[PDB]
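The chain below stands alone and is given as structure tokens, in the form deposited without this ligand.
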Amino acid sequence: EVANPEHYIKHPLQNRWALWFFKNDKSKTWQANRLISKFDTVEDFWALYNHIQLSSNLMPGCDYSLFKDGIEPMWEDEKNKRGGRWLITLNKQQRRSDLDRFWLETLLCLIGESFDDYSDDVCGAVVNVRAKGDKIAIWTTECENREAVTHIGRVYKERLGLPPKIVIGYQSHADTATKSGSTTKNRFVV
């Protein structure tokens, strides 16, 4: 009496993930503006994905964040404070043409562990829906892990399939401007 798993068992993910939503209130503290749900199988990922609004359908000023269970989508978290992110800056036209598919590919890269061993350095990704231009970013745990960071950025850019000549940069969180712009630099580029 041994049922065949492939017939009734859900496809497990390497990690359990949590989806977060951010609603700008302008007044409230950034943190006060929430967890949606968590999942750790392929089937559960789609069930959640299929019933939530596409990023392009969200009001400007909102964010979707998918992070490994236990890691809050903020700079202050133990797994992000020494880290950084690969930033994808989209123009206004790309909201229609690339925002949604780019975000889905990002999700597939995360849950599918597409960066091989370097996937352990991945914390999560966030998509910012903004009137001036949408942004997508994959956050990693340590900005000093060049090998991991550069390989992730390379595979990520490849997966998105955007023109190879376009360069993207990685910025550490501890380096974000604290003045009025103070030139927010990149530590790496690919």
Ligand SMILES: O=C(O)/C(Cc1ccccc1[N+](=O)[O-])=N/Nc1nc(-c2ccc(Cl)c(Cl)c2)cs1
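Here the rigid core means the biggest group of C-alpha atoms that line up within 1.5 Å when the two forms are laid on top of each other. Just count from 1 along the sequence shown to find any residue number.
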How about residue 184: is it missing in a third or more of the other compared entries?
yes
According to the entry, how many residues of the deposited sequence fall between residue 33 and residue 34 and are not modelled? Options: none, 1 to 3, 4 to 9, 10 or more.
1 to 3
Going by the mean C-alpha B-factor recorded in the entry, which is higher: 24-32 or 119-127?
24-32
As the entry reports it, the stretch among 13-21 and 168-176 with higher mean C-alpha B factor is 168-176
Consider only the C-alpha atoms of the modelled residues in this chain, order them by B-factor as the entry records it, and name the third containing residue 144: lowest, middle or highest.
highest
Relative C-alpha B-factor of residue 85, binned into the chain's lowest, middle or highest third
lowest
Just say lowest, middle or highest third for the CA B-factor of residue 70 relative to the other modelled residues in its chain.
middle
On the chain's distribution of Cα B-factors, residue 163 falls within the third called highest
Lowest, middle or highest third - CA B-factor, residue 114:
middle
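If you look for the form deposited with this ligand bound, you will not find it shown, but the lines that follow are about it.
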When the site C-alphas are superposed and this ligand is set in place as seen in the deposited bound form, is this chain open or blocked (3 or more ligand atoms within 2.4 angstroms of backbone or C-beta)?
open
With the partner omitted here, the residue among 143, 42, 160, 52 that in the deposited bound form has a heavy atom within 4.5 Å of this ligand is 52
Is there any non-hydrogen atom of residue 64 lying within 4.5 Å of this ligand in the deposited bound form?
yes
Using a 4.5 Å heavy atom cut-off, state whether residue 23 contacts this ligand in the deposited bound form.
yes
Can residue 34 be called a contact residue for this ligand in the deposited bound form at 4.5 Å between heavy atoms?
yes
Taking this ligand as it sits in the deposited bound form, is residue 56 in contact with it (heavy atom to heavy atom, 4.5 Å or less)?
yes
Superposed on the rigid core, does the Cα of residue 167 end up 2 angstroms or more away between the shown form and the other one?
no
After the core is matched up, is the C-alpha of residue 14 off by 2 Å or more between the shown form and the other one?
no
